[PDB]
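Visitor:
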Ligand SMILES: C[C@H](O)COCC(COC[C@@H](C)O)(COC[C@@H](C)O)COC[C@@H](C)O
Ligand SMILES: [Cl-]
Ligand SMILES: [Cl-]
Ligand SMILES: [Cl-]
Ligand SMILES: [Cl-]
Ligand SMILES: [Cl-]
Ligand SMILES: [Cl-]
Ligand SMILES: [Cl-]
Ligand code: NI
Ligand code: NI
Ligand code: NI
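Residue numbers (the authors' numbering): 45 to 988.
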């Protein structure tokens with residue numbers, strides 16, 4: 045029996061005769077975008093209004109429907125959707141008959157198993173499988189902490205955490221991507237949550253006896269207890285600061301005073317042959333060895349543990365020695381594992397969500413990755429312009445403790461002529477017992493408006509922290525609570541926070557606009573009136589109480605406006621930021637707002653928000669990981685992204701020592717100076733080349749002049765990259781402009797610009813920063829060089845020396861401490877400006893246009909006032925640059941557009957780099973041909 049077909053204004057709806065899926069709907073969303081919804085019922089009305097997707101079915105996109113035999117074809121000018129009338133499965137082809145994406149079945153619905161709260165009768169766990177046996181690459185999915193760039197053949201858990209941001213937009217190496225529109229925890233690859241080690245492995249203790257691993261408890265170096273445990277688990281608190289599983293009385297005290305250390309020893313045995321995944325969740329110091337070799341070596345501060353993963357091929361029956369050393373230092377630990385999927389499911393695309401009413405996704409065709417990202421922006425909203433200053437240098441601290449401290453640090457930068465735009469006030473400016481009141485403690489912040497006025501008189505901006513957190517004693521808590529907008533379970537649980545004796549606290553429910561409107565009005569009345577420029581919306585996972593099980597985290601958010609916590613687990617940040625963004629629009633409809641927030645989801649970019657990777661650690665491995673973290677965030681369609689340069693929490697050896705608390709580097713124990721300075725030097729280098737450039741963290745102090753003394757190599761190196769950031773502002777703000785006007789992506793995985801170079805896909809230590817710069821951060825202590833793969837199909841220039849190199853090879857790039865290896869793509873046209881201390885000083889600046897010869901080029905410099913919403917009414921300009929390598933001619937074309945404050949006349953000089961030159965980065969002094977530009981096209985010829 046064949047499925048019945050109904051033609052609609054938006055596409056078609058099939059009614060399937062047999063199977064769990066009763067109806068399959070296709071909706072045309074754009075020339076390149078088709079929505080697929082598989083429904084285990086007859087009423088599409090049960091699918092909740094999307095949080096990610098703001099787009100509606102198109103009304104101006106022609107499409108055709110042809111039905112013949114057992115196939116129905118729906119197509120637009122760019123996409124063909126072929127649907128089986130036998131089983132309702134969909135296959136997508138491009139305009140030229142190429143198969144991009146093929147459903148392997150009609151999808152799997154099954155009972156919700158990860159929702160601690162009562163589950164609706166029409167809610168299910170969902171899974172959809174595509175493209176079995178495909179060799180494609182997969183990218184995006186957001187910000188993850190396991191170094192993955194090409195996810196193909198691996199697992200990714202799309203959850204929400206301090207360190208992890210899920211954006212369920214998937215990009216293929218093929219000419220498509222897809223938005224999976226589900227708000228609950230989602231899994232790419234294996235649909236199963238990782239298991240305890242003994243669920244699908246045989247365990248043997250240190251003596252070979254089956255049953256569990258040998259566990260040794262040491263106090264200092266004295267062994268206190270040995271025993272065999274099937275599942276060593278100290279992963280979460282059940283409540284307050286009490287573990288679900290306490291330590292034995294022999295060592296419980298040692299846990300509390302950090303003298304405890306533990307060893308696990310035994311053997312593991314696969315029951316099935318194939319690729320197994322292992323995940324070591326921990327804070328404190330952990331090292332794991334397999335077959336006598338160290339596989340993982342990690343540290344995180346106790347209160348912010350995470351999973352550290354590896355995959356390994358195992359044969360059924362084989363025994364492998366496992367050794368773990370773990371010094372908890374008050375932290376957490378659990379070892380997890382997944383055995384191979386069934387044969388046919390191992391090489392395929394699989395997406396699964398914990399709870400939903402239907403399988404609901406959007407197929408997005410695109411000839412380039414930029415095109416695919418554009419489909420994401422069309423579905424979930426434009427990346428609205430940040431203020432230009434958001435792209436300048438940010439200085440932050442956990443935490444500045446008074447107005448004077450803020451002013452003094454900003455002034456110190458200005459006094460040292462180190463460029464800076466923004467400074468940040470972290471938590472705790474309010475009276476101690478009044479978190480949520482948004483009042484300023486008179487003792488430390490006596491006059492918040494005077495504070496803002498001084499920052500502004502120094503031509504800088506100030507951002508201030510605001511959490512979703514309220515103490516029940518505050519008027520603000522009470523106003524929100526009276527309308528049912530507070531998640532009060534955390535009060536019932538009596539989970540006290542870390543301040544003083546500890547305070548009862550709750551987080552509000554941002555899932556209805558009525559709630560977010562109140563939240564906004566409160567900060568409008570208390571904080572916005574003082575002139576603060578930006579909102580640091582922290583802890584928006586939400587992190588109501590750290591280190592509870594994820595089930596408890598779900599439960600704490602029940603009930604909410606959209607249902608259970610499990611149903612919207614990944615989506616908190618969007619409605620929250622949106623309330624603030626909409627509030628700002630209603631307040632001043634001509635000033636760009638700015639939000640920095642610690643979580644995200646599809647659509648976050650429509651709220652004028654950047655996101656950051658949260659409380660990472662001052663560790664090389666973390667620094668390395670931030671590369672994949674940013675690449676995946678950008679490939680998921682969210683480009684304004686950043687991190688704490690230097691990491692958030694350093695190890696104790698950095699935080700104090702023989703002289704007590706370490707503020708300035710001068711207080712470090714002598715033997716810690718070198719690494720502290722080197723790590724920060726490398727991390728500043730890296731940070732200068734991510735979308736937002738921001739120093740932040742717990743002590744030591746992170747200002748450049750607190751990391752090292754003036755005149756030193758490291759001080760000079762940090763200053764040089766900060767200055768370079770500003771020299772590049774014409775280039776960088778062009779990228780900033782493109783994020784909005786061209787659905788642009790700033791921090792680019794190599795697959796974006798080298799889609800046909802299969803070797804480039806997997807790389808997780810390099811990326812393109814805009815169209816010109818191949819960035820290659822140094823992530824190893826003491827390294828003075830590193831391998832750099834130069835993508836094929838282009839030649840490359842050493843940015844610092846002018847040396848030209850052929851593409852399609854790996855080199856050992858020179859990487860002295862003072863420099864990060866940087867290469868420029870031939871044909872690049874890079875505009876720089878003069879040295880400036882903050883962005884507005886650079887408005888209408890003289891320009892140096894540097895052409896990197898050897899191929900044609902094209903770059904249109906975007907400029908506008910940098911602050912207002914006028915760009916939305918067309919107030920902006922582009923100065924088009926195009927280079928023809930055959931004739932050696934750079935054309936500065938007719939200026940497009942204009943804006944209030946724009947200079948009609950510009951001094952522009954042009955130079956060409958074709959090889960080694962001593963002036964490669966001497967912008968001010970380089971020989972260049974000068975032109976007086978007045979908006980009309982001029983041509984500059986390369987010198988013979
Ligand atoms: C000790 C255990 O409760 C962890 O405290 C971590 C903590 C980090 O502060 C970060 C700042 C608010 O941005 C408080 O918890 C923050 C989590 C919940 O995001 C700092 O605790 C400092 C000691 C000295 O009290
Ligand atoms: Cl001066
Ligand atoms: Cl000034
Ligand atoms: Cl100034
Ligand atoms: Cl003002
Ligand atoms: Cl100045
Ligand atoms: Cl100035
Ligand atoms: Cl000035
Ligand atoms: Ni002002
Ligand atoms: Ni100590
Ligand atoms: Ni100035």
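Even for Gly, the Cβ is constructed at its ideal location relative to N, Cα and C.
Would the region 189-209 and the region 694-707 be scored as touching if the rule is three or more Cβ pairs under 8 Å?
Guide: With contact defined as three or more Cβ pairs closer than 8 Å, the region 189-209 and the region 694-707 are not in contact.
Visitor: The alpha helix (DSSP H) spanning residue 454 covers which residue range?
Guide: Start and end: 447-459.
Visitor: At what residues does the beta strand (DSSP E) containing residue 312 begin and finish?
Guide: 304-314
Visitor: Jot down the residue ranges of each uninterrupted beta strand (DSSP E) in the region 116-194, minimum 3 residues, whole runs only, in chain order.
Guide: 123-128, 134-138, 143-146, 152-154, 168-174, 182-187
Visitor: I'd like the span of the beta strand (DSSP E) that includes residue 58, first residue to last.
Guide: Residues 55-59.
Visitor: Taking 6 Å as the limit between beta carbons, can you name the residues of its chain near residue 661, skipping five residues before and five after?
Guide: 344, 691, 693
Visitor: Any heavy atom of ligand 4 within a distance shorter than 7 Å of the CB on residue 505?
Guide: no
Visitor: Once DSSP output is grouped into helix, strand and coil, what is the label at residue 792?
Guide: Strand.
Visitor: Do you know how far the Cα of residue 341 is from the Cα of residue 823?
Guide: 15 Å
Visitor: For residue 673, which option in 195, 70, 71 has the closest C-alpha, if you only look at C-alpha atoms?
Guide: 195
Visitor: Determine the burial state of residue 486: buried for a count of at least 16 other Cβ atoms within 10 Å of its Cβ, exposed for fewer.
Guide: Looking at its Cβ environment, which holds fewer than 16 other Cβ atoms inside 10 Å, residue 486 is exposed.
Visitor: Hey, out of 540, 788, 585, whose CA is closest to residue 659's CA?
Guide: Nearest in C-alpha terms to residue 659, of all of 540, 788, 585, is 585.
Visitor: Relative to the alpha-carbon of residue 379, which residue among 284, 245, 506 has its alpha-carbon at the smallest distance?
Guide: 245
Visitor: Under 7 Å: does the beta carbon of residue 500 sit that close to some heavy atom of ligand 5?
Guide: yes
Visitor: Out of 402, 55, 121, 351, state which residue places its alpha-carbon closest to the alpha-carbon of residue 89.
Guide: 402
Visitor: Taking 7 Å as the limit between beta carbons, can you name the residues of its chain near residue 156, skipping five residues before and five after?
Guide: 163, 167, 168, 169, 398, 399
Visitor: Hey, how far is the Cα of residue 936 from the Cα of residue 456?
Guide: Looking at the two C-alpha atoms, the distance is approximately 40 Å.
Visitor: Leaving out five residues on either side along the sequence, give the residues of the same chain with a beta carbon under 8 Å from the beta carbon of residue 599.
Guide: 160, 161, 533, 609
Visitor: For residue 650, does the three-state DSSP call read helix, strand or coil?
Guide: helix
Visitor: Roughly how many angstroms separate the alpha carbons of residue 219 and residue 627, rounded to a whole number?
Guide: 38 Å
Visitor: Do residue 426 and residue 784 have their beta-carbon atoms positioned less than 8 Å apart in this structure?
Guide: yes
Visitor: In whole angstroms, give me the CA-to-CA distance for residue 605 and residue 560.
Guide: 12 Å
Visitor: Between the C-alpha atoms of residue 792 and residue 191, what's the straight-line distance to the nearest angstrom?
Guide: 15 Å
Visitor: If you reduce the DSSP assignment to three classes, tell me which class residue 571 lands in.
Guide: coil
Visitor: Can you name the start and end residues of the alpha helix (DSSP H) that residue 297 belongs to?
Guide: 296-300
Visitor: Whose C-beta lies closer than 8 Å to the C-beta of residue 527 among residues of the same chain, with five residues either side of it excluded?
Guide: 558, 559, 562
Visitor: Given residue 154, which residues of its chain have a CB within under 7 Å of its CB, disregarding the five upstream and five downstream residues?
Guide: Same-chain partners within the cutoff: 168, 169.
Visitor: Pick helix, strand or coil for residue 727, following the three-state DSSP scheme.
Guide: helix
Visitor: Mapping DSSP to helix, strand and coil, what is residue 546?
Guide: coil
Visitor: Which of helix, strand or coil does DSSP assign to residue 749?
Guide: Reduced to three states, the DSSP call for residue 749 is helix.
Visitor: How many angstroms separate the CA atom of residue 871 from the CA atom of residue 839?
Guide: 9 Å
Visitor: Select from 530, 258, 841 the residue whose C-alpha is nearest the C-alpha of residue 272.
Guide: Measuring from the Cα of residue 272, the nearest candidate turns out to be 258.
Visitor: Mapping DSSP to helix, strand and coil, what is residue 813?
Guide: strand
Visitor: Should residue 973 and residue 988 be called a contact, given that it needs their Cβ atoms to be closer than 8 Å?
Guide: no
Visitor: Write down the C-beta distance between residue 979 and residue 939 rounded to the nearest angstrom, noting that I regard them as a contact closer than 8 Å.
Guide: Residue 939 and residue 979 do touch by the CB rule: their CB atoms are close to 4 Å apart, below 8 Å.
Visitor: Between the Cα of residue 850 and the Cα atoms of 836, 861, 860, 856, which residue gives the shortest distance?
Guide: 836
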